[PDB]
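*Asks:* Here it is, the structure, as structure tokens.
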Amino acid sequence: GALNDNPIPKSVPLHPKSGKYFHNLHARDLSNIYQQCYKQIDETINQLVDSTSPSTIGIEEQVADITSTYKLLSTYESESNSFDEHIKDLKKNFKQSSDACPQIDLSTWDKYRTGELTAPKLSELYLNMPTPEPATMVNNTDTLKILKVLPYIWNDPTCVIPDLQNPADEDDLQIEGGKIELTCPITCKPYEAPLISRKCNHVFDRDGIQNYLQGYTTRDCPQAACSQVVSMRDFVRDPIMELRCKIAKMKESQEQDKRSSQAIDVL
Amino acid sequence: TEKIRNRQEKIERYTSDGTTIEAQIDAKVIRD
Amino acid sequence: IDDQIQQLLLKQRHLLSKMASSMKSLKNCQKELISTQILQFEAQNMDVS
Amino acid sequence: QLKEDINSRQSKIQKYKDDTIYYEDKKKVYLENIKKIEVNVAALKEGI
Ligand SMILES: [Zn+2]
């Protein structure tokens with residue numbers, strides 16, 4: 001073996017001065033950037049519902065592309081998360097192994113440079129550090145729920161998708177065939193700020209669900225044939241119902257504007 | 001011994017300071 | 001209005017793809033920067049030793 | 001401000017805990033050494 005006449009050792013244990021430097025070694029927290037992205041995508045969803053003409057089809061490709069984009073972005077966030085986790089574990093292991101390795105003096109300088117003493121090398125260990133993998137892909141936002149279901153919702157807005165409440169399971173959500181009512185079962189009114197129940201997936205207008213539960217702490221689900229005892233906290237904003245009602249109302253508004261104009265042309 | 005005493009003192013001081021500033025920032029959290 | 005809107009949504013998906021690519025660059029270059037940073041740390045460790 | 005506070009707190013607490021461990025180990029080593037030299041003093045006094 002060609003010993004190091006270059007007294008720089010191949011590997012050295014953690015020197016305390018750089019132990020401090022090593023403390024500063026970390027992957028940057030990009031989760032703020034990802035939250036900004038997720039907020040932008042949610043606003044994109046809302047404005048996509050707001051603008052898209054319900055009489056015009058062809059948003060399925062838009063939603064699918066943004067679906068793939070957001071899955072890719074969540075994958076990147078997860079890669080960074082697993083990268084940070086691997087950095088933490090790698091730092092812990094490197095510190096333990098280096099501290100298990102003799103500290104550096106002239107004698108250990110010669111031993112480490114000649115290979116007599118070997119210590120973990122953060123460059124080498126970082127190469128040996130597990131590659132950033134998707135760790136907890138951020139799919140649990142309402143973003144991927146809409147980006148997944150919105151082609152089909154565009155094909156038919158009133159369709160019931162019963163597995164929109166669990167974005168935590170990253171398996172593809174199997175949409176069951178159904179139609180969610182466009183009228184509040186309580187007030188018999190179209191949804192304005194609809195609240196969905198996490199227990200039975202029945203969605204009611206916020207005013208309607210508040211009125212049904214008014215005067216009592218918890219009451220049964222207002223939808224017919226449902227006995228789920230629910231309260232205001234049990235109901236959370238339903239982006240899906242807002243999307244459905246919004247699309248339906250916009251289609252009706254286009255129809256009504258054309259009908260009202262001809263309705264005046266009659267007089 | 002003096003060194004470790006100083007380190008522990010500063011650790012406690014700056015831990016308290018970090019918690020306080022974290023609470024302050026949580027307060028600091030927060031057209032048509 | 002409808003078709004202009006559909007164009008806007010096409011812009012949505014396109015710029016989202018741009019964001020995804022730039023986020024790939026984001027995460028990968030963050031990993032790269034901390035890689036050379038830990039390499040610098042190793043060199044400095046050897047230096048102070 | 002949260003980023004700066006977290007970074008400063010982590011850095012300072014790391015520096016001081018590392019110094020705590022380092023100088024505590026040094027204190028233990030010096031106590032062992034003083035025990036050895038006390039044994040040497042006792043042996044020399046016995047020779048006296
Ligand atoms: Zn329910």
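Here, residue 1 is simply the first one shown, and the rest follow in order.
We read in the header that electron microscopy, 8.0 Å was used to get this structure.
Every residue gets a Cβ built from N, Cα and C, even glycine.
So Swiss-Prot says this about it:
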BINDING   A:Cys200, A:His202, A:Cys221, A:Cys226  Zn(2+) binding site
ZN_FING   A:169-256  zinc finger
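Distances, neighbours, how buried they are, the whole picture for these features please.
*Replies:* Around the Cβ of A:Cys200 (Zn(2+) binding site), a 10 Å sphere holds 16 further Cβ atoms from the protein chains shown.
DSSP assignment over the zinc finger (A:169-256) gives 25 helix, 16 strand, 47 coil.
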*Asks:* Among the binding-site residues A:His202, A:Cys226, which residue has the largest number of other Cβ atoms within 10 Å of its own Cβ?
*Replies:* A:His202
*Asks:* Which residues of the same chain, at least 6 positions away in sequence, have a Cβ lying under 8 Å from the Cβ of A:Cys221 (Zn(2+) binding site)?
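*Replies:* Residues satisfying the criterion: A:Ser197, A:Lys199, A:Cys200, A:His202, A:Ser227, A:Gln228, A:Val229, A:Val230.
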*Asks:* For the Zn(2+) site (A:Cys200, A:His202, A:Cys221, A:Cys226), what does the 8 A shell look like? I mean other same-chain residues with CB within 8 A of the CB centroid.
*Replies:* A:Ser197, A:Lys199, A:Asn201, A:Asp220, A:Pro222, A:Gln223, A:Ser227, A:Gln228, A:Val230
